[PDB]
Every structure is written in structure tokens, then in C-alpha cells.
Amino acid sequence: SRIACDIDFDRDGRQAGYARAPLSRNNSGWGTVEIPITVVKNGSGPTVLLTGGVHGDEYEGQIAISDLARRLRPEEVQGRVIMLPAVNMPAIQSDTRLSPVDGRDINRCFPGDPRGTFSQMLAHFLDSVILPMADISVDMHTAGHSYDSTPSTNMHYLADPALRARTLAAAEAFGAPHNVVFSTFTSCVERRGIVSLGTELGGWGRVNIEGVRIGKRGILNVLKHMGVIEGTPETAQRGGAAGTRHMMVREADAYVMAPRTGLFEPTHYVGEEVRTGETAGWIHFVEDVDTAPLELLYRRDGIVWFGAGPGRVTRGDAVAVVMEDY
Amino acid sequence: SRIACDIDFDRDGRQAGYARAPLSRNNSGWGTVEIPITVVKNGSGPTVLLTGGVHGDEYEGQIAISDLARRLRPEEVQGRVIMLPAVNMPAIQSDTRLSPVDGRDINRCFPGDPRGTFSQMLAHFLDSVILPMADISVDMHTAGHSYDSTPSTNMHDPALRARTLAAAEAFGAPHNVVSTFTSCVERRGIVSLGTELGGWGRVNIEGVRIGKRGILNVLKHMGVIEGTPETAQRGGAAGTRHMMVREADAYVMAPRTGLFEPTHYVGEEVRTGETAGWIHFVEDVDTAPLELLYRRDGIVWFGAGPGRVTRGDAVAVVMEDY
Amino acid sequence: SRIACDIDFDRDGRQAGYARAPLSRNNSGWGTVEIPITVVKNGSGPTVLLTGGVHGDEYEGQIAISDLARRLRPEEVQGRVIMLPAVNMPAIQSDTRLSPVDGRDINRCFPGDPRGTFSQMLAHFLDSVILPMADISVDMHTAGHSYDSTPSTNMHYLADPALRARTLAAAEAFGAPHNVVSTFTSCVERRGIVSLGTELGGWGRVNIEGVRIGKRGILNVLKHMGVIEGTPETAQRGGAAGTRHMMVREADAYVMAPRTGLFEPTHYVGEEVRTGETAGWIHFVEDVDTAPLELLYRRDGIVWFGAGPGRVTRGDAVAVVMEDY
Amino acid sequence: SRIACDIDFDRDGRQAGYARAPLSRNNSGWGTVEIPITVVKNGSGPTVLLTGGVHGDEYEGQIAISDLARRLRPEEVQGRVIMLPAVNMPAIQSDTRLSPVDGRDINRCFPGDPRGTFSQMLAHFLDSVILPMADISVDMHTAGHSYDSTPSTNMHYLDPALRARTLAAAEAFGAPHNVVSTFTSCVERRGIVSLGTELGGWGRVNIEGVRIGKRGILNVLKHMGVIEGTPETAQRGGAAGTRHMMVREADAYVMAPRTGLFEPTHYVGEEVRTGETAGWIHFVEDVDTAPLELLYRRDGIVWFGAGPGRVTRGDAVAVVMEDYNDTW
Amino acid sequence: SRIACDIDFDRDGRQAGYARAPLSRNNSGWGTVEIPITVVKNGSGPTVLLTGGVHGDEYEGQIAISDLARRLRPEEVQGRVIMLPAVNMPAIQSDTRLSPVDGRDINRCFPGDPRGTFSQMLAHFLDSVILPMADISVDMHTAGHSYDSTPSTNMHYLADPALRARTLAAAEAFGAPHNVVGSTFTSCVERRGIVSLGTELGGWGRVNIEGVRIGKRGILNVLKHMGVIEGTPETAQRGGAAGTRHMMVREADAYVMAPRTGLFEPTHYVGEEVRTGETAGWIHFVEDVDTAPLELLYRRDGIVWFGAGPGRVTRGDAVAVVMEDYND
Amino acid sequence: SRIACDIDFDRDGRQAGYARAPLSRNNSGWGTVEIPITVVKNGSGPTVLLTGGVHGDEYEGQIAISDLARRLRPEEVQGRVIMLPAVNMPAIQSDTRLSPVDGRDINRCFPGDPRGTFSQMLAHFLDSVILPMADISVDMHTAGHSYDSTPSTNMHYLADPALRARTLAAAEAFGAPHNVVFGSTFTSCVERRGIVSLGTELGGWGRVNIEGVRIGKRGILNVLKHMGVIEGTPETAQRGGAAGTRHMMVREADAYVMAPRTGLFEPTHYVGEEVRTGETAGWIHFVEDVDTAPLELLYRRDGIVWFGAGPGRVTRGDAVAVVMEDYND
Ligand SMILES: [Ca+2]
Ligand SMILES: [Ca+2]
Ligand SMILES: [Ca+2]
Ligand SMILES: [Ca+2]
Ligand SMILES: [Ca+2]
Ligand SMILES: [Ca+2]
């Protein structure tokens, strides 16, 4: 790896610093991008890795994790916490999913190429240098500009029933209203046999207040679950529920796709209950006089996990992803 | 105007067609952009002009007017209704506020120049050709990608000021807030209402509901279709609460570029001195976020859009009773 | 004008040089673009102005005029010929209709703004400095990337019948197969100068017959105006003795694309067509199953402009039909 | 492959649907582009793969294959016909040779990389998943925006048994001429019979090109015994079938030494002679400067003719073909 | 003007703040750009206006003015000093001459349009709101990315002979080594009959250490000259001269022009004496094997005022501009 | 390689031509870029490979090498000289460091991929086809638009002491005022193949450095003389008086003055100037702010400025100076 980092991850105490990722530009051939990293190590216990900003426009983890990284102290800690709140820095500056450097979706570039373009090199550092240190990974996402999402965690239905149990338990600990079992960074975590949670904590290009609340509590809840900091998870839900309701997305049927490009009007938001064969929304063809909207229907019973982001949708886009009980 | 339209606006009945706006592209020197226009004219009464999509990322108006354009029949009409739901077609196609043709904010180009670039040409067409026909104008906006907005009308001679408050009341939005298109309507002395029906780059379900109804109420109010404005509110209220934005203190401004986390949403009540939010500097380890305060009491009208804000952006605009 | 030119247009003989048009770039604040101008002046007679490359992607005028500018001798001339084969130099370098400098179609910028952006400044120079010297303008165009065109002259119906016949006469001398009755041409006309336009190809390519007709036409115009010796030569490839006068005047002449997609034509420019016959089809290759949309001609005539790009955009004309004048 | 396809290529009957290729955009991270596929399978026989739109600006395959796909009936078929008229959908939408997604010329991306950018992923789908099902591939091209081309098939000089089968398929196609990391490079590596076509260019739709292309793909199905009938290969000038030609030497290429405005003396399909003038590069930016004359260096027929008026140094402005010889 | 400013330019004391220029973006329809303005007013005397950053890539004014703005105290002042070190904020942030907002050279946009695009709007604010207050204007430039310049002031040959002499006097007071005599800012200052100095204090896309020194001292000198702060101008020159030398650029002959695009190698830098007929440099054609470079010659005796910037020059660029002794 | 070249590198005499690199454009699918290559072969001796314009905005190698390529004759030569003055032709045309074809920094692309994008395919041709013919390589660079640099040669520290002596000696013969000892660059390819490798830094600031052109033109002749390919002995006299090259080095993180913030950087020194640890390197001004004081930066090594600030507006994470110190073996 060409990405330089001087942090001693074996050292007791707190270190807050940067990994320095080389970046060549026309007027800065030897330029660097500074990726914030904080590590708190003390006492005895497991390593929790918290990442945010893998996509530049996904704010909730950037906020939750940098806030924690400023405040967390060695004497609060039994084990180790590694925090990278803002991984894809170039993309964070442009507030986009894709890299303004090489156009790549970094979360389609793992495990990476140490000699590749920026996103490939960064993917490689993450998977090869940072990740092997982790006992558990929480990679914090939202839908960015693509959809809204109802605050939630997510995981894969694992082969190993033991690992499957631990990830479920960690997700219950995290305590979002829902947990959804479903070349990404998470594919790397899973391939190394490390427990893997992701989150979906908003979107619509905006900051989700409830998403931030849920995500800040979530990462503390995981540190408590893992016994890295004192206490037990606070998992109470605003509509009365005492904890996380497990869900799944396994069926082509769970997706409402747009057949044509146009202006899509939805009938429901995320978190709302929906049933099969009924109206999901209409694609209006505002370009035409007289022409009637094209009705879309859900083809699943369940609840809306992702709902329509941009008003103007392109053929091939999902306008809704419906989740159902696990 | 260079923009051609064959519609006979004085003809009784229904005409649905297009204004043909010329556009030169590198592989289409003689290309045209087709702007939808629908006109219903029957009997006797005034002209209502309904415009939407002046900005391309402002949907609710394109939805409400295009749905009404499709369904309104001459029989229910006393007077005349002109309906252009999708004014700025190039920007509608790109989903942006600004034109992909000439880079302009068309809503900074009025009264417009018939010899100018695309947006200036189109601005001139709307003001010089279409607008002189109207007795009231309802111009439908939302905050698009810049903000979110709580469903509302807006506006700004006490007699004509009354007729405007009355038109707004009929519209029936929860709130009416006292070189744009609406500056042309006003200059010409025509009743002028705007709306702010949403934002966050998304389609607002209530914004659509409110706006679909608001436009029917305007026709009722003006005696063009039968009935009375249905102005009942979801919060209990009998109708529109008139509000104002005037003080420089109403705007919560961002002093620095960074990641803005709000404390409140649009529609929510706010007090002077309380925390509006923080700008986070995620580029830095160890750096604390910059806290921002409201300076006014009232309710959030416009609230933060993009997570990453630029120095000199507003992150909240507060309204208060008129 | 900010555009400098040291050419003395009243001096006998030959001057070949440039108008220097200021162009501010990020690494060249004081940069200039050189616009070729050749003037030949001798004896007594009228002034002929020949322009090409007003659109960067329209080649035949660039070729025909630059060729004549190189070859024409002051002893052959009685009067004055002013030759600008390559007007819109930045667009010529990008091979585009629109300016890579300010994005403008210069032929929507006349009479121009001397304090405007580059295309407006250049429009002003052409109308205010160059054009007033002219007794006749031939502005050489083609359809560039937009269409193909059958080799032809064009002109406006002048309400004044006297200038109308004078213009018809010049067009007949030019001797293209067909003459069809804020652009540069509108300026020529507002100044009471005889104005001919041409359409000598397109399809993003150089048209061999277009070049031939264009080179001959400008010689013919010189002869017509008495500026060089000889009488116009106007015989046509398909045997006709002279130009046939034509017109386009009805909305019906245009075959418009209702939808964006892949347009397949039935005829090329130059071909006779009849009302209600198939003009072609818009295929929707993004769709399985979906049948193409058939389009019809709405007039009888000869195709003047035919489909350019395979993929057409809603609102594009895919044919323009001309009829006998 | 990440490109999902529900089509069962073993099922008798007709399936017309899409390959769903992942395309992450800034406001559509889970977006898809739908690539039209139609398969017809019936009875007993070989598989014919027909592809068009590998380059977005080459129209004649998109028209001919999508037209056949809509109309061809499983009952008519003894074998299997897989039809993708519109392969490079993003480039098709932009009307460009190169991809607007990743800037790649997909026909420089084969065999492909399933973990690569969009064009690499698509190329891998085409070579790995689609292609191995074929006994013969016809990949339909034109010169798009780069040149015009005289209507023709093309193929590589190969193994006399494979060469004979390929030449026989070319003859059946019946274009006026057949000219002996691309897609066709994969077809050949796999030992599948591979035909290409060149059915126009000049950024436009070529009427004869569409006619010849439509007839050609029917003729191949007939040749293969896949549908009933015998190939119809008669030519407008009177010839009974295709005339074999070759492009083999550097001499066959007229090269632009300088950037300028190229005026040709000939078009595609026309006969030319060594030492005759090919055209002139004009320097319209200069007064006084004479245009640069270019010469042909081989006798033959123009196969590819100049496209854009403004040519760049290092561009070919003509490719001359000559009668085929069996001896290479 | 749509550009807002709450500063009371008639108030005694120091106000440091911003003009708020509206900038509509796709995700910020109601955005603003904040343009730094510092006013120091005290006692009695004339108003000095100091502007930098009219071009985003000309640094020396930005540095000198923002530094003075930070430090200058009302108690030191008799009159009024208005300081905008960073006028063209969007171009400053992109480090370009041209605006990334509307593509304009702001210095081709004066006197401006209050209803125009951003640069036209800003140009109109500066001319119509700020400039009428000034008794003297120093507008600080450098050659940015286009050239290097030898540190200097500049002015025009004014038709008003008394204002001409006052400007020459002002130039001498500024004390740069050299002072060199319609839509620019300075053209507006001159139309309003205000004393106008420009500067040229570097370029080459870099920060010129002597350019900063001379520029910082220059602006203090003008204040002393105008009587606004105490003291006598410091005009000692590094090579021993007592003060500024008046020079001029007046004829076409003064400009060495590139006839061709290529790689320009100069023989001299700014500040260097050159003679007529001597070699100015060579344009290399690195794209060619064998081709000799094109020799360019100076056509006037004098000193190089602007020297070549970019190595790769475009046909029509100036590659040297020679100044000669001033004559009234 | 898809890059075609007809030059017979084993043939005596002079061949001046082009390698033809395929470059697919929307209106030229079969387009090519011509990369100039001149080879002079005569008699008996080692092969010297001279490359310039690996970055399009680094001019001094393009001038020095194309000039030598035009003038050099087979009869003055004992061995073989291969000259590519203008390697990255598209970036040369755009006057940029990065490629306008694929946006790559070609010098982060070696050893390259013959099936990749343009810059990758060009990097492969240079390493696999041209580079193996060489006994020594001089790859001529400058700081382009990024920095200025004081005219100098450069080389890595080679663990191998005999190679180090051999490379040090070639640097001495080249005869720039300074030689600076300091994975996907072209030089790393030369090094991997165990060929003597020199770099240069002959200027920058977006401009043509007159002294840089002079030192580069002389240095390549000197290198040829050193290797015994042409007659004579190196000329190593320095403008400032010195008899030859002074060896220096860059080894410590403390050698780099880094910008912690984006802003307008005002330097205190140019390249070539002596500096002291703890003293002021310059200030980052925040011209977007009223009242705000600039941020002072300090040098953290005694020495001579090797690379100095380029752009006025610097970005957080850029170096604004790199200090070199006397060489210690
Ligand atoms: Ca994500
Ligand atoms: Ca709006
Ligand atoms: Ca034209
Ligand atoms: Ca092709
Ligand atoms: Ca300037
Ligand atoms: Ca370099």
C-alpha cells in the first residue's frame, strides 16, 4: 500500500491522525488526501471497527462516528475502537456517491488494487491494512441521493449458523427499528469471517435527524454489546416496540422497478405498510399533453425499506424495495 | 417571439398542444423543444393561468397542473384556464434548477430577451405572450434540491393586496407567506400567487395533495368552476394562517462549508437562542462542530437540503404571524 | 470593433492576411484568433463578398472560397472580391456548429454585440466592418452534422419585386441544381445587399458534388456581376440547362419526429416524394416486442434536407420537402 | 456475471426480455440498464447469434436484428436464434462509439472483467455467458461516425476447414463484397464461425445497408438450415453473389499526415489506381497555403471512405480493398 | 445592485465585513458568495480604493491588500481607505482568470449589468457602488498563468493632461522599478476621471516574492503620497536607482507573436534588455521527427515587460512584450 | 504491444520515425497517435536511452532530446542512442501532467497493461519494448505545473553499492549543479531491470526554464561522452563557479513543508536558496476572510530548497517546499 499511516494500532491510549493517500492532480503531482483515523486502545477486549463515508453523500455515519471519535476516552474502553468516519474523502468534498477522481463507486472496487486508481488503492488499504484488525465491523450507510431509507441495520444470511447468530445478536444490540437480512466492503468483512453490520440511515440527499439519533445510539449499543464500554444497549423504539424487528429482502418481487423514464409520484414513504397488487405510484409523462400516467404496483406484501429518491426516475431504477418479516 | 404556438386562445372548447421553442444543438441546428399548453375556454368569466416546472427539479406543480390539464372539461368552466405544467423542458429533462442549455436560472431572466439565449427567449414568451391573458397567476414552486419546504403559498396597493390575500386564502395551504416570473405578474398588475410545495430532490405526497386542491379552490374562488374552496387543514385549522418573513434575523446562515446537522424540520416551532444545528468538519480529527442558533421565534419555513452545505447558504428560514 | 484588421480594402491589388479577434483563455489572457481575409481589387466594378465557415462543420464554403482566394489574380478582376472562407475559426477547429468558446450559434447572434462574448463580437465585426462594403453576399452553408442537403442555393422572398428579381438572377447565375426561396443573411438583406445562401451537403462529411457546384457557383457569380470575364456555366448533371427555382413555405413541408429513437429513412435528399407515402420509421431498440413508428410525407416534392443522425430527438425534422416555385 | 438474465436458453418457444446490467449513478446507486435479448428455440439444429449495437452509433444491426426479433416465430425455427440488437445500450442512447459510462470502446475490452467497469463487465457477459452457446456469430457493424463503408461482410483469414465454413457463410449472407480484444476475436478463439459486417457510417442510416443487412441475416439462418429456404444473394449490378476481397497491406491505407480539412476525390465502392490523387488536406486557417495532396498507393476499390471533414493526423482517410487471393 | 452590503462608508472608524453576492446553484438556489471589504475612516482627507483578485489567479494584490486590511488602524488615518483584496471570489477559489460561474473574464465585463450573469453583476457593483467613492484607485494585477511580468505599475495615456501628470506622480510614489504607460475596471476608473494605477507584479501561476514586497510597499507609498497616513514614500530600487522609470508600450512591433502552435523556448526573461533583430526564441515542433524549430525575432529595442508563460503556446499568443523609455 | 513500430533497432545508421499508438475516438475509431522515435546506431558500444515528455507539461526533456535527435549523426556514434523526446503525446498536446485520453498519470501506470487504457498500453510499450534495449536511461522531468525545481539530476538510493557508484558517476558526468538521491514510475522500471537510471528536475512553474534547457542539453551530451558513445569528456563547470555536481539527498519527513490548510501560500524562498530549520517558510493567507491572520509554516531541516511552491492557491496536503541536504553515503 501507497497509503501512509504512522499510527501504532497496538499502542495503549488514544491516537487521532490521518492516513495520507497519494493523489496526483495536474497542478499537484505529489498531492495527498488526508483520511481521518482515531484509535482508542485500553485494557483487554475485542476490536470494533467503525466506518462511515465510504460513499461521500452518506452523512449519518460521518456525523455519528466523528462525534464519537472526538469524545471517546481510553479509560472508557476495554478493548479497541478504530474509527474512520469519512473514508472516501474526495467524494465527501463533492457530496457524491461516486469518486470525482476516477469515477468509481468505491463499494464496487473491493478487495482493491494497490496499483490501481484512487478508489482501488483506498479499497485495498481498507481491506488489507485496516480490516484484518477487526472483530466486528459496522459500516455505516444511507441511500444518499438514490432513495430514502427507514432507519435500519442490515446483514447477510450467513453460511455459518454460529456467525449468523452473533451478527443477529449484534444487530439486535444496535437497535434500529428494523434489521434487514439480505465487491462491497461488507463482502470483505464477511470473507474474513469478521462480524458485519451495515446500516441504512436516511438519504434524500439530506440529514436524517432520527437517523443520526438511531446511529449514534447504535454504535454505543454495539460497543456495550461487545463489552468494550460499560453498560447495556438502549433499544427502545418510538412507536412502543422494545427492540429491533428483524426483516428480509430476498425476492425479485420485493422491488418495484420503473419501466419508463419520467416523473414518478409515489403513494407511500419508507417505514409504511404496503400490500401486493395495489398502486405503488405513477410515472407522469409531463412532456406530453393528454397522455395518462403509468401506474405501478407492488408485487409483495410488507413494509417499504427504500422509497423513491429523485422525482425524475430513469427506466431501470428501483422506486421502492419492500421488506417482510424475517 | 421565435417560440411558435398555433393555439387559438379565444376559441371556446379544449385545445391541448405545444409551444415550439427553437433550439440549436451541434447535431440538430434546427431542433425544437415542445412545451405543453392546455387551454379550456367556456362561457363567461376571468382567465386563470397555472404554471409549473419553471425550475426543472420542482415537481409538485408539474404533477398538479398536468393532471388537471388532462381532466378539466369546457362544461365546468366559466371563463378560461391556461395550463403550462412543464415550462422549462430542458431543465425538467436534466432534473435541475438551472438550464442545461445556457446555464441560466430562468427565474433571474424575466422579462427576458426574444433575441437572447434559450432561457431568455422562453422567459420573454411567458411574459409577453402568455401572461397578458391572465387575471390571476398561480406559479407553482418547491425548494427542489436546495431545501425542503412546508406546504404553503406566498405573495407580496391595499385593495389588490386584499384580493391577493383572498386568493391565497381560497388556495387553502396551511401557510401563506407574505427578475422572476412573479415580478412580471405583479408589474403587470395581475393577481400573483406562488407556492412552496416541497423539496429535498424528492416528490412530497402532501405537497401534491395540497397543490392539486389549491388549484381547484382558485378556480372556485374566481368563479370559473362551481363550488367553494375546501380549505380544511390536517392539524384541525379552519384555513390558512398568514405568515411573514422580513427580518435578516429570520435566516440561519452557514458561516463555513461543512456537514450541517439540523435540530428541526420544516413545519416545526422554533425559539430565539435555541440550537438550529451544527456544522461538522469531518475532514478533521479532534475538531468540534460549530453550533448555530436561531435568532427568531416562529416556525421553520425552509429547512436544510443538502447535508454538505457551502459557506453563505441559508440552513433555515423562519416564518412568524403576518 | 475589438477585432483588428490592417487590410486596406481600397488599395488595388491583393492583400491576404488576418483579422485578429481577441480571445481571453485561462493561460492566454491576451490571446488572439486569426481569421483569414483575402481581398483582390482592380479596375472598376462591384464588390463581391464570399463567406464560409460561419458554422465550423460546414466545409464546402471553406474549401471553395479558400481555393479561390489562393488562386484569384488582381489582373483578372474589375471591381473587388473579399474572401473569408473560415469565419468561425474556433468552431472550425472543433468541427462543430456551435462555438466552443461561448456555446453560441453565431448565426443566432447577428447583428452582434461589440462588447459581447466572442461569437457576438465576431458577429458585430462581420455586419459592421466587412458587410457594408458589399454589393452582393454569397454566404456558403451546408447542413453540417444535422442533415444532408441536396446541392442548392437559397434566398428570401423579398417583398420589393426589384431586389427579388436581382436575387433570382444571381441565383440562376450561381447555377446550383435547385434554388430554394438574427442570421448573417438577415443582415445582408436589412442592408439592401443582394443575399445568396447555399446548402451544399452535410452528413458530417465533404460532398464531392457539393464542392464542384460551390467552386463553379462562385466563379459564376463573379462573371454575373462583371467582376471577371466570361458568362456563367449552369448546365446540370442530370441534363437540365439551368437552376430550377423551388420553395419551402408550409409547415407541411417538414417531417417531424414525435419521439426520440432510431430513424430509418425511405428516401435521400434529391429524391421525389409524394403525400401520404412513408418517410421512414422510428425504431425503439431499447424495447423488445415494440413495433417502429411509421412517419408520412405530407407534401409532394423533392427532399431538400434529409435525416442526418441515425438517432433522432423528438422535435427534430427528419425531412424537408421542397416544391416548384 | 453481475448481469442478471432470467431467460432459459434451453427452453423451446420464444422469450423476449432483457439482461439487467448494474449501473451505479450518483442518484441511482442500484440502477440497471436493460439490454434487449430475444431467443427463439425449436426442433433440432444449430445456434445462430446475431449481435448489433456493440458501438452505439452503428445503426444497421440495431434495425435489422430488432426487426427480426419482433417477427421471427418459434415454429419457423429448427435450431436456436439468440438476438441482441442493442448490446451497448448506454452508448446507443448517446449515439457514440465509446461508452459515456466509462469512456471505453467496448470492442477493445474483450474477453472482459466481471469485476471491471461497465464496458468490461458487459464484454465479459457477452463472451462468457452468451457466446459459448453459438455455432455461428454474425456481429453487425458499420463505420459509425468515423468513415463511410461500402456494404460488405468481413472475416479473418484463418485452418482451411474453418476458413471454408466461414467463407460459405459469407457467400450466403450475400453482401456485394466480403473482405478477408474485439468481440470477433473471442468468437474465433472459441472456434465459432465469425462474420462481421460493414453496412455504412457517415453518422447516418444507409438505406442499402439496411436492405443488405436484413437479407443477410435471413440468408445465414437459411444457410444454417435454421429456417426454410435458400439464400438470395443476387446483386444490383447483376452479379450472382458476393465478391471476395482482402485488406492485407499497409499500402492499402491512405493516411492523414496532418490535421486539416480533407477533400476526397472518391467515395466507397469506387475503383482507384496507384499514384492517383486521393484528395487534399486543406489548411483553411492559413491564407496563401496550398492544400496537401494525398495519393493512393494500391490499385483496388474504396472499402472505407473519409468520414469527418476535419481529419486528425494519423487518421486513415481511405482503406482500399483488392480481389481476394487464396494464398497468404 | 442585487449584491448586498451593510457597511456605512461614512462612519468614522474600522468596519471589516462582506458584500453578499447572490449565486444560484442547482442545490443552492439562494446561495451567496461573500466578498471581503474593509473600510478605515478617520479625520479628513481623500478616499483610496485598493482592489486585488479581479482575476482569481493574480495573487499579489490579494496578499498585500488583505494584509494591510488586517493591520491598518483608524487612528493612523486621515481620509478613507477602502480595501477589497479578493474581488472575484469564485475565480479565486478555482485559481483561474475566468469565472467558473459564467465563464467570463470579469475584466471584459465592465461597466457591467445588474441583471446580467454573476460577473456582469459583480462588475456593476464595483463600478456603480464602490468606485464612485474613490479619489484614487490602485487595481492590483499580475500576469497570472498567461505570462510573467517584471514588477511594475501601469496606466493609460490619458486625454486629460493634468490627470495624466497626477497619475505619473502617483506611479512614482508607488515606486515599482517601472511604470508602463474598454471593458476593464481601470477603463471605468478612467471614465469617471479618477486617478487609476494598475500593477503587474508577477505571473507564471506562482507567487512572486519581490512582487509581494514591491506591492506591499507600493500601497503604503500611495497612502503617504495621498496624505492619508504619515510619512514620505520609500522608492529606493534594488539595483541602485532612486525611483521608478517611466516606460511605454505603444506599437505592434513591441509584441513578439507566435505564428504557430508549439513549444516556445525563450532567449530572455522579463526585466532583460533586448535589441531589434535578435532571437526572441524558437517554437519547437516536438510532434515531428526531423522538423527544425521556428526562430522568432524581437522587432524593438527595450526591456521585456511580459515574457512567455506556458511552454506550449497557441498560434496568435504573444510570447514577449517589449517596453521602451516613455516620451510624453 | 498494439503500439506498432517499424524501426529496425539492430540496423546501423539513423532511423527517425514514429511508433503508431492506437487511439479510439468517437469520430475516429481506428485513429492513431504518432510517437516520435529516432535511433542512431554505429560501430560498437552501449545503448543510451533518452526519454522526455512522459508528462506533457515538462518541457526541458522535449526540447533537449528532439534537438539532439535532429542533429546527431551515425558517424559520431560508437554504440546506440534511442531518443523519445515526446513520449506522452496526448498530454503534450493538452499541456498537462495527466492524460486527457484516460485521465491517468502515466507515471503511476508502469509497468503497464498492453490491454488496458491508452496510458497503460503506452507504459507497457516503453517498459517491454523500448527499455530492455538500454544500458543506461536518462528520463527527463521537471515539476511541470506543481512546483519549481532547481536544476538537478536525481536517483534513488540503491542498496547495491557497485550500482550506486556507477549511477553516482553518471550523475556526476551529466553535470547539473545538484544530484539528488531520494513504485509505478518509469524509473522504477529501469531500476527493476537493473539498468543505470537517472532522472532530472529541470524546472517547472508551467514555464520553460532557460538554464534548465542549457543544463539538460549539455547533460545528455555529457552522458553520451561518459558512456564512450561519442567523442570527448563531460563538461561539468557550473555557472556559480564550481567544478562539478554537488550530491544531495532527501530522506526525512521533516524535509517536506506541508500545507495543513487550503489557501494562498506566500513563500519566503525560491528553489536553490539556503534555509534553516525553525525559520519561516511562508504563510497561508485566508483571503476569503476579513480579520483572519495567515498561517505561518516553518522549515524543519537545514539545507537548500529543491522543490518550491508552484500554484499560489495550495490545497491541504500539498508540499510547498522540499529541502535537500548534503549527501552522506
Ligand atoms: Ca452507500
Ligand atoms: Ca423555484
Ligand atoms: Ca449553417
Ligand atoms: Ca463498430
Ligand atoms: Ca489580470
Ligand atoms: Ca514528471
Side-chain angles (χ1 to χ4, degrees), chain A residues 24 26 29-30, chain B residues 24 26 29-30, chain C residues 24 26 29-30 51-62 87-88 91 96-98 105-108 139-147 149 154 183-185 197-202 305, chain E residues 51-61 87-88 91 96-98 105-108 139-147 149 154 184-186 198-203 306, chain F residues 51-62 87-88 91 96-98 105-108 139-147 149 154 185-187 199-204 307:
Chain A
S24 179
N26 282 320
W30 286 17
Chain B
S24 193
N26 282 322
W30 276 8
Chain C
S24 198
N26 277 325
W30 292 10
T51 49
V54 160
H55 288 127
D57 62 340
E58 301 178 7
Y59 313 117
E60 281 64 8
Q62 304 186 43
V87 170
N88 193 353
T96 56
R97 178 186 190 84
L98 307 178
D105 186 334
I106 196 173
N107 226 25
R108 285 330 166 256
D139 193 32
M140 310 189 70
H141 290 257
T142 80
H145 293 78
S146 298
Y147 302 103
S149 61
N154 61 65
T183 57
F184 184 56
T185 43
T198 72
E199 292 294 342
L200 299 165
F305 273 43
Chain E
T51 56
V54 156
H55 285 131
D57 65 341
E58 305 170 8
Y59 311 120
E60 280 74 355
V87 164
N88 193 348
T96 53
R97 171 186 191 87
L98 310 180
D105 192 327
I106 193 157
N107 227 22
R108 303 293 181 272
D139 186 29
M140 303 188 71
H141 291 249
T142 72
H145 291 88
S146 298
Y147 300 110
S149 50
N154 62 70
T184 57
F185 181 64
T186 53
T199 70
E200 292 296 342
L201 299 167
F306 278 17
Chain F
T51 53
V54 159
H55 290 135
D57 60 345
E58 297 174 11
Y59 312 122
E60 282 70 356
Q62 299 178 41
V87 169
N88 198 351
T96 57
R97 189 182 174 87
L98 309 193
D105 186 329
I106 190 166
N107 229 18
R108 302 303 184 254
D139 186 29
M140 303 187 78
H141 289 263
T142 72
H145 294 80
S146 296
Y147 299 111
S149 63
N154 56 75
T185 64
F186 181 63
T187 58
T200 78
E201 294 302 343
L202 292 171
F307 279 34

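Convention: sequence-line order gives letters A, B, ...; per-chain numbering from 1. Below, each value reflects all heavy atoms present in this structure, side chains not excepted, and no hydrogens, waters or symmetry copies. Whatever order the structure lists them in is the order used to number ligands and atoms, beginning at 1.
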> At their closest point, which heavy atom of C/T51 faces which heavy atom of C/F184, and how far apart are they?
Replying inline: OG1-CE2, 4.0 Å

>> Once side-chain hydrogen bond (donor to acceptor under 3.5 Å, both in side chains) is applied, do any residues pair with F/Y147, and if so which ones, sequence neighbours excluded?
In response: none

> Please walk me through it: do E/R97 and C/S24 pass side-chain hydrogen bond (donor to acceptor under 3.5 Å, both in side chains)?
Replying inline: CA-CA 9 Å; E/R97 171 186 191 87; C/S24 198; 3.2 Å; yes

> With sequence neighbours left out, what residues match F/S149 under side chain to side chain contact (heavy atoms under 4.5 Å, CB included)?
Replying inline: F/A143, F/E201, F/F307

> Given side chains that start at C-beta, do those of F/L202 and F/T142 come closer than 4.5 Å, heavy atoms only?
Replying inline: yes

>> Going by ring pair (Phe, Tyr, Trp, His ring centres under 6.0 Å), name the residues that satisfy it together with E/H145, two or more places apart in sequence or in a different chain.
In response: none

>> At a cut-off of 3.0 Å, what protein N/O/S atoms sit near the Ca ion (ligand 3)?
In response: C/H55 ND1, C/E58 OE1, C/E58 OE2, C/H141 ND1

